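The structure appears right after this line, and notes come after that.
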Amino acid sequence: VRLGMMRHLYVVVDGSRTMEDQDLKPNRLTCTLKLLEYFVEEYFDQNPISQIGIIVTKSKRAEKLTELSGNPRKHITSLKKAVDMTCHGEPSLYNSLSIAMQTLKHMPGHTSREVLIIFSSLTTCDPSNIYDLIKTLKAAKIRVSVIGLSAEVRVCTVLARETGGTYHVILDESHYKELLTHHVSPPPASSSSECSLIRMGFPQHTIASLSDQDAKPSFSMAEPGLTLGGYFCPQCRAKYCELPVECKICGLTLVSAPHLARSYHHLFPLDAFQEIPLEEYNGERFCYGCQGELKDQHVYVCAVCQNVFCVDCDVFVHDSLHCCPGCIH
Amino acid sequence: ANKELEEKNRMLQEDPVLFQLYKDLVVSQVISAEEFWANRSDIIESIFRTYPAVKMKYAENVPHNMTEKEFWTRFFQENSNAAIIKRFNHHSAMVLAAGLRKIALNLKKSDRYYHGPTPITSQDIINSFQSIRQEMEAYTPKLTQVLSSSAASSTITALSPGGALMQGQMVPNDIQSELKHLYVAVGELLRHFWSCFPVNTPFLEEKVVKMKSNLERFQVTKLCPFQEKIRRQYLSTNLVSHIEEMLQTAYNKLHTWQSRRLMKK
Amino acid sequence: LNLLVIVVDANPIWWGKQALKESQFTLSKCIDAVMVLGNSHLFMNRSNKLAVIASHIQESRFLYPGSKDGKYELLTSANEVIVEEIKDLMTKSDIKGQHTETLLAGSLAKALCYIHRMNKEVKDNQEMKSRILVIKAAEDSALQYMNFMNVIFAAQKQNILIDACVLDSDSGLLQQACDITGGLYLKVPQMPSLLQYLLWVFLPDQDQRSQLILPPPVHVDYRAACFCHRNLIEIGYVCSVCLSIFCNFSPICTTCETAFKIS
Amino acid sequence: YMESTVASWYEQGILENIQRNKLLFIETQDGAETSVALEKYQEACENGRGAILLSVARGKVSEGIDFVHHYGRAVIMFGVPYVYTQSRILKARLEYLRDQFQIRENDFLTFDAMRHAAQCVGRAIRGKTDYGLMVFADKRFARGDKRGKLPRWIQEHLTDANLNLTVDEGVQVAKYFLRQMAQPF
Amino acid sequence: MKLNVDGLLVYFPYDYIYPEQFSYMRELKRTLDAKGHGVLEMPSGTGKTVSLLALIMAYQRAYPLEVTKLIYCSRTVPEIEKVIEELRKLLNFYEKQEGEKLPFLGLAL
Ligand SMILES: [Zn+2]
Ligand SMILES: [Zn+2]
Ligand SMILES: [Zn+2]
Ligand SMILES: [Zn+2]
Ligand SMILES: [Zn+2]
């Protein structure tokens, strides 16, 4: 199944009054922001080439809290600042989606444009009908996958299914974590989706040539002090503090080899290991994965290496490591 | 309409950096400023959009020998019973009308990932295997064999700052702001100069603007070295050469692509 | 507390080459130095715990899950178990000429999941700061890059420090690996003096590493190359499916077979 | 009664808050206004504004209209539907039934109320297994006779635990039930 | 979907039927076999029409002399339009199953 490795995602947060209601254990808005910080960090950790943008909608107006960027810390700071937001007004799906569409219209065709609307207040007061905007969204192939809160909104249901996204409603906080963690992963590319080669640039960390001879002093490029060494660009030739980042001049993505390598496991998903409770002639008391005695009647095995893994080993392998230790051999 | 003049007045003092750089491009009289922009309550409003009757009444009763407080007062002011229901029906209808304006993947070569971009007889294995098998028939020699004082002292001397494996200035402050400002100017103009440079753009109207921008490169880099000269003749310390690399590399790209265009022709 | 894991690269081909050369350094002394390091690590504190793995071309095996000489019972048990198991593993081994490169990614994966198991079992009251003191001894294999990168990223997410201690060779992949997770990278040139390096550079834990002078990190060359002839490239043309660094613009990348549309 | 309740809510601030939360539409005897209001109500339901359609149980709109998925999601019944006890036609119709066929006047009156309520509350389950909740804001329905005369399919789903929920408890359980129905099969 | 009803075999266009549909069909067949007027209630606004129409058509095929024709009445014309749509779908399904046209006529006044 074709997957879009590079995706520009907009997490549309609503500053509606209904967010005031403390349906969850803490305030709803505070919980959403606290978990969305984790979502942002994990999304960047699972898709370095991708970038994210936050639009906060309240009082019938949508404001770009943070433009598209490759730095998780800046977005995290924006979330922490927004934690104290007043949270009064009414959202406008038309306004939020129009802002997202305006920013995403000029984005490259190859990248997957995606929107995740964390809908809280079921109402949607908009200057213009949103069914018309749905046509433009379908034309622009911008995937929109709403996540409703305490409501199965019909307009958002049709939005999601027509635009190709998925609709969900929060059963509880634990299920909210699961929903956002699921949305972290790249979505499969459908027929409407198209792939195209994208120019990429690989910089190399550089320092003073020899005892600060013919040095290359520079401060930064988006109170930066002088830097003896740092990253550079093949074309900008402008010092960059951290990678990966889009060029401020070229418009070309600067990214190192490990960042790309971080996404190969998506192309190579791990086949689920059959769960057999009984020992099944497994005379090895120690679990091969962790070399620990199997204290539970559960075993996992591959179709190639035919090794033995306990519950923790299998869960960790399929969750984070994304590869079978013994089966690597 | 003087929309450009209105926008310039709006951004004249609201945003300092934008106007600072736009003015800087003219301070030394580099180029014309045309290309700069060429290339790049609630209740009353709600009533205004809600009640067309109120809109007509406002148009006809625009303040004339009256007061806005009086106009506000005029707002709130079975026959009455049905009027309320009719009024809600009409008002909700008006609000709604105002809101209603008129692929499975397959691959042939997977080992390329197994050996990614990272770069790079028979009896020898047998000999090594047997020798290492016979190596460790004796164990636990830690008492003296593992380490010796002379080697330990050599290791400590190496770990010393002058030793092996251990190799071992913010004096200017005001110059920092000037360097930052110059870098911002370079970035601003390089943005437009590189906006369409990577793309071939084999069209007459597309190439005209790259030619104009290429000339603008000469014209801006004409004035950059004069400020460089002013800064240089202070102490001849802490050389600023990174700025030179950007200009020289832009010139190299310009000339190389000009030669390539001539070759293509 | 701290959970240390020593991933020793005991490659029979290379260590037996040393044995044939009759050099001063030997695998026996390397194992003794690693043993002393582990003993000192546990010596540091009771709560501290350690484990050992041996890396071989075929597979990797754990070397670790009275006072006859007046010795501490726990460290005596550690000495006996590691000595016996390492001798058994080295003595018994099949021969396969096709596969001779040392295996390290699988050993590191085993270490990572072992650390996860210990972190799950340990009480939540005490926080565990695990570490992996990888000790390479032979050149790495090109085909292992992908899996090794997977395990390195897993370690980064799980907050484990990969302290590399390569000797006799500088593995660019391993230095890249430890750089990502912030682990130290020391290249000891004096093998008979390896243990002094451990008791200074590696032995101190992450808690005290910041407040201590240690050798500066080595510059890491994050090179990129096209999949054709294997050479450094500064500009890569990747697609949206393969995510592969290529040579030059082509109508369709071979590893994709996609119907790229020109423009 | 609908007009009196609407007027009281208008005098108080409840009605304005309801208007803010969601659009409000009302029914009138005139068929033209009824049709226009319902036409706008459908568009409101399609859009995210939503709508609250106040109507009368005996109104021709109630019988003619059919509510489906994302239409009339939550059916609210304000008061047991009873015809005025002054219309003399029903007096003949009712006392004659008492005299012949032996039906108690109260029995037939409660039957006429329960049948009408079931008619006007049974629309949300039209078809295609579209979720929806029917809330009856009247303690009279909690009486055994009303429950017994209620249709079997609704009554069996109804339970004693939720029989006489307070307003707040009913709101909470409605929210939870909507959560459960939101997720797919 | 051919259902082996107790009385006979009855065709059905949709894939699956709930147990309440089985109960409805069996009770309706009992009433028709008794050839006596009766009353019954089914919750669903839709689905009852298709089940009733299918059972009546199958009973007509089995005992054409027993029932001359079906007179199905609905409250309003907009509603009876949906009924005629359901009947058209059922007839198309049955015609596809049989492979040919049969002397069956259905209309709305
Ligand atoms: Zn650049
Ligand atoms: Zn295990
Ligand atoms: Zn396996
Ligand atoms: Zn090439
Ligand atoms: Zn490809």
Kirkwood-based Rg over Rh for region C:107-192 (C-alpha set), two decimals? 1.01
Using square roots of five times the C-alpha gyration tensor eigenvalues, list the equivalent-ellipsoid semi-axes of the protein assembly as shown in whole Å, biggest first. 69, 45, 29
On alpha carbon coordinates alone, what is the Rg over Rh value for chain A, Rh being the Kirkwood radius? 1.03
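Within 10 Å of each residue's Cβ, count the other Cβ atoms and sort C:245, C:160 from fewest upward.
C:245, C:160
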Along region D:100-110, what does the Karplus equation 6.51 cos²θ - 1.76 cosθ + 1.60 (θ = phi - 60°) give for ³J(HN,Hα), rounded to whole Hz, x for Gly and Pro? 10, 6, 6, 10, 4, 4, 5, 4, 5, 5, 5
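Using the structure shown, list the pairs from A:177/C:120; D:60/D:139; B:142/C:17; D:60/E:29; A:239/B:229 with a Cα-Cα distance above 29 Å, or answer none.
D:60/E:29
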Would you pull out the residues with amide H under 5 Å of residue A:112's amide H, same chain only if 5 or more places away, H placed 1.01 Å from N? A:6, A:7, A:8
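Would you list C:262, C:152 from fewest to most Cβ contacts within 10 Å?
With the sparsest Cβ surroundings first, the list reads C:262, C:152.
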Expressed in angstrom and rounded, the centroid-to-centroid distance over alpha carbons for region A:256-329 and region A:75-119 is 39
What is the mean projected area of the alpha carbon convex hull for region C:1-204, to one decimal in square nanometres? 12.0
Sequence-distant residues sharing a close amide H with residue D:25 (under 5 Å, placed H): D:52, D:53, D:54
Phi to ³J(HN,Hα) by Karplus 6.51 cos²θ - 1.76 cosθ + 1.60 over region D:37-50, Hz, x for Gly, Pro: 4, 5, 4, 5, 4, 4, 5, 4, 4, 4, 7, x, 4, x
Mean projected area, convex hull of alpha-carbon positions in chain E, reported to one decimal in nm², is 7.1
Kindly provide log₁₀ I(q)/I(0) values, in the same order as q = 0.09, 0.13, 0.14 Å⁻¹, from the Debye equation applied to equal alpha-carbon scatterers of region D:1-182. -0.38, -0.80, -0.92
Considering amide H positions built from the backbone, and no H for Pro or chain starts, which residues 5 or more places from residue A:309, or on another chain, come under 5 Å of its amide H? A:300
Neighbouring Cβ atoms within 10 Å as the yardstick, rank C:15, D:153, B:72 fewest first. B:72, D:153, C:15
Based on the alpha carbon coordinates of region B:144-220, what radius of gyration and maximum Cα-Cα distance (Dmax) apply, in Å? 28.3, 83
Which entries of E:2/E:96; C:49/C:92; A:105/A:135; D:40/E:82; A:34/A:81; B:207/B:253 show an alpha-carbon separation above 18 angstrom in the structure shown? C:49/C:92; D:40/E:82
Distribution output for chain B: share of Cα-Cα pairs per 10 Å bin in percent, first bin at 0, values 4, 13, 12, 12, 11, 14, 14, 9, 5, 3, 3, 0
Taking only Cα atoms and a 10 Å spring cutoff, compute GNM fluctuations for chain D and point out the largest among D:161, D:113, D:74. D:161
Among beta bridges that DSSP assigns inside the protein assembly as shown, antiparallel share in %, nearest 5: 40
Shape parameters for region A:1-126, alpha-carbon atoms, Rg then Dmax in Å: 14.4, 44
So what J values fall out for region A:246-262 if you push phi through Karplus, 6.51 cos²θ - 1.76 cosθ + 1.60 with θ = phi - 60°, rounded to Hz, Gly and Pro as x? 7, 4, 7, 10, 4, x, 9, 6, 9, 7, 8, 4, x, 4, 5, 4, 4
Top of D:25, D:101, D:141 by mean-square fluctuation, Gaussian network on chain D, Cα under 10 Å: D:101
Determine the shielding of peptide B:144-155 by partner chains: average, over its residues, the number of Cβ atoms on other chains within 10 angstrom of each Cβ. 5
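Since every read-out is calculated from the coordinates, none of them should be taken as a lab result. So basically every Cβ, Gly included, is an ideal-geometry build from the backbone, and we count neighbours across all protein chains shown.
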